[PDB]
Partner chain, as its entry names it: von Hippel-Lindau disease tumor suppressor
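Quick heads-up: it's one chain on its own, the form solved without the partner chain, in structure tokens.
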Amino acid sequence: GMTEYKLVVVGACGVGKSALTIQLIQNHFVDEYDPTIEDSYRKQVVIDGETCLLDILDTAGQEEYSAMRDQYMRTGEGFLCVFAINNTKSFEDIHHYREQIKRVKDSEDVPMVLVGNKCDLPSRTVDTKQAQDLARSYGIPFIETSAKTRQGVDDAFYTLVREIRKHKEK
């Protein structure tokens, strides 16, 4: 089978986790996606000449059982840590997702990319420099995206795969 990358999109409710994923897979922007739905999507793509499969979990926070959260974190190879540039709280929540994933996987080296979504909106509470400082402290890539205009969407997901590849080669 071709190589599969198991990706997990995390972040506060409403940041655009679903919108980003759907834009990547289905190439359209969704105005309204039920905030309570958590499904996974698969798509064959070509990244740097490699034909591969992206298996993407679009999370929705709480689970029936917390064991289910622990399961997807352990199974996940890479994580998109998404906040919205007009939601300071979502940016502050990133600390908690970072910590929780490393905790579950019991690892200090977990492939992650920081994603500042909704960058199409003029309304902004989180400056690019603030997110850059955070990503610097984590030693991960930071990318601003818009699920609406598709700006940066492929870059976020593909960078995360490249991060996973760097991790694996060790």
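Positions refer to the first chain, counted from 1.
A second form of this protein, the form solved in complex with the partner chain, is not displayed here; the remarks below concern that form.
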| item | value |
| --- | --- |
| 4.5 angstroms heavy atom contact with the partner chain in the entry with it bound for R103 | yes |
| Touches the partner chain in the entry with it bound: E63 (any heavy atom, 4.5 Å) | yes |
| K129, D133 and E144 each touching the partner chain in the entry with it bound (heavy atom, 4.5 Å) | no |
